[PDB]
C-alpha cells in the first residue's frame, strides 16, 4: 500500500509537469501561429472578392458551390509505390496520412495490418539499432585507447563519447539527408530539418513528405530514403531515450537543489 502511495506521488508530479509543459507549449504556439495566421487568413478572402470582381460573369452564389464539392473531394494515389509507402507509414507508425483507407474493408485490413506489422517492424528496428550500436561501439572503443593517453582520470570521457555520438549522428542522419531533401524535394533548409525531425520522431504531420510531390525523382531515390528511414528511426530512438536519461538526472539534481535550498533557508528565519 505505501509503495503505491509513493508511486502515486511520483506519477502525480510527473503528470502535473506534463500538464504545465502542455500549457507553456500551447501559449507559445498561439503566440507564434496566430499573427501569421491572419497574414494567411486575408490572402484567400482577397482572392475571393478579387476574382468575383475580375469575373463578374460568374455567379456569387455559385462560388461556394465549387468549394463544397472540392472539400468533399479532399475527403493515381494507389499504385504499388503509393500502397508500399503507405504500408511503410503504418508499421513505422509514421502516420503521414496523406492517403488513407476509405472503403470499409480497407479500414478493417488497415487495423489488422497495423496490429501485426508494428511489433514485427519493432523487431527489425531492434536488430538495426544493435548493428549500429556495435559499429559505433568499436569506434568509441578505439578512440578510448587514444584518449586515455593524454589525461588523468575519467567520467569526462563518457560525456565526450556522447558528444561524438550526437555530432556524427546529426551529420549523418539529420544534416546530410536534409541538404539532399533541400535539393531533390525543393524544400528550404529549415523545412528539411523540420521534416527530418518530425519523421524520425514518428510524429509525422504529413505537411512535408519526401517523394510525395510531383517531382521526377531517381531510380535510387525513394529506396535510399527507405534505408534512411530505417537507420534514422534507430538513431532517433536512441537519442530520445538518452534525452529521457538526462531528464532523470535533472529531476534528481533539482530535488537535491530543493533540499539544499530548503535546508539553507530554514536556518535563516531562525537567525
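Positions refer to the first chain, counted from 1.
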Residues of the deposited sequence that sit between residue 76 and residue 75 yet are not modelled: 10 or more
Stretch exceeding the other in mean C-alpha B-factor - 117-125, 137-145: 137-145
Which of 79-87 and 157-165 has higher mean CA B factor, as the PDB entry lists it: 157-165
Deposited CA B-factor, highest of 213, 241, 202, 61: 61
Of the residues 70, 225, 233, 26, the one carrying the largest Cα B-factor as recorded: 70
Ranked against its chain, the third holding the CA B-factor of residue 150: highest
Assigned third (lowest, middle, highest) for the C-alpha B factor of residue 218: middle
Ranked against its chain, the third holding the CA B-factor of residue 207: lowest
For residue 38, the third of its chain into which the C-alpha B factor falls: highest
Residue 54 - which third its CA temperature factor falls in, relative to the rest of the chain: highest
